Amino acid sequence: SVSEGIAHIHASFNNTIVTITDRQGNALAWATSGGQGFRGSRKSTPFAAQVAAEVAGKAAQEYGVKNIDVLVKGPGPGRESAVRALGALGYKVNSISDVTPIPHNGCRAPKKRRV
RNA sequence: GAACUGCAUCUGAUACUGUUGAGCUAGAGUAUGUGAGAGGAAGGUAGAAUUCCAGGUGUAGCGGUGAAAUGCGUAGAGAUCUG
C-alpha cells in the first residue's frame, strides 16, 4: 500500500513507544516495551526498545514500507536501540531526525523530587 | 599656708572655632557632543512548549515508581497527523 514511511520512536524514561505511519501521519503499526512482556525496570531498557521496534517493524513491513525515516523524541535509553533494530530488520533508513519538544521557557516544570 | 578645679568684671593676643567683607577654584553643581545598559511606566506582537476541544489513522495499553498501586484506556486511550 505505502512504500515511504515514518517511524516515530517516542522514548520516555519509563517506556518507549515505536509507531510506524505513512508520510501523511496515519499510523500503520505500533509496539511498546510495556506491551512486550517487560514491566517495571526491564521495560525501560534499550533491549525492550529493540524488541518493540522489531515487532512494530515486522508488523508494518507487510504493509509495504521499505523506505522509512525515523523521528526520535524523548530522552529515554531505547532511542538509539530502536533505530538499530529497524536497520537490522531490513528497513532502508531515509534520515535520522530528533524532533523532541523543547519549550522556550514556557510552562513551569513540576517541583524537584526530594528523594 | 596651699587648694577650693568655679563665677563675674576690666585689659591684652589673634594661631584655631564663631560672626562678618572681599576674592579664589581644588569639593559640589550647570550648559554643550558622543556611549553603553534585563533602569522604570504604557501599549502591541512573535515563536517554541504544555493543557483543553474537534476530527483522520490505528489498537491494547498508557502513565507512574526503587517496586508498585491510585489514575487514564476497548464508551478506543497513549502514539501519530490536521484544525
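Taking a point 7 angstrom from the Cα of A:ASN14 along the C-beta vector, which residues in segment A:87-115 have backbone N less than 16 Å away? The answer is A:110-111, A:113. Taking a ≥ b ≥ c as the square roots of the eigenvalues of the Cα gyration tensor, segment A:1-44 is classed as prolate, since a/c reaches at least 1.5 and a/b is larger than b/c. Ranked by the mean number of other Cβ atoms within 10 Å per residue, highest first, peptides A:17-28, A:52-63, A:90-101 order as A:52-63, A:17-28, A:90-101.
Does chain A classify as rounded, prolate or oblate by the C-alpha gyration tensor (a ≥ b ≥ c root eigenvalues; a/c under 1.5 gives rounded; else a/b over b/c gives prolate, otherwise oblate)?
Because a/c hits 1.5 or more and a/b fails to exceed b/c, chain A counts as oblate.
Where in segment A:22-48 does the label zone of A:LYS73 land, with the point 7 angstrom along Cα→C-beta and an amide N cut-off under 18 Å? Taking a point 7 Å out along Cα→Cβ of A:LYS73, the residues of segment A:22-48 whose backbone N falls under 18 Å are A:22-33. Amide hydrogen proximity for A:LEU28: with H placed 1.01 Å from N in the peptide plane, the residues at 5 or more positions away or on another chain lying under 5 Å are A:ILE20, A:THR21, A:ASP22. In chain A, the DSSP beta bridges split such that about 50 percent are antiparallel, to the nearest 5. The C-alpha atoms of chain A define a longest principal axis, and helix A:78-88 lies at about 10 degrees to it. With both labels modelled 7 Å from their Cα along Cα-to-Cβ, the A:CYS107 to A:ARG23 distance reads 3.3 nm. Helix A:46-60 and the longest principal axis of the Cα set of chain A meet at an angle near 40°.
Here the Cβ is made from the backbone with ideal geometry for all residues, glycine too, and neighbour counts use every protein chain on show. No value in this document is a laboratory result; all are computed from the given coordinates.
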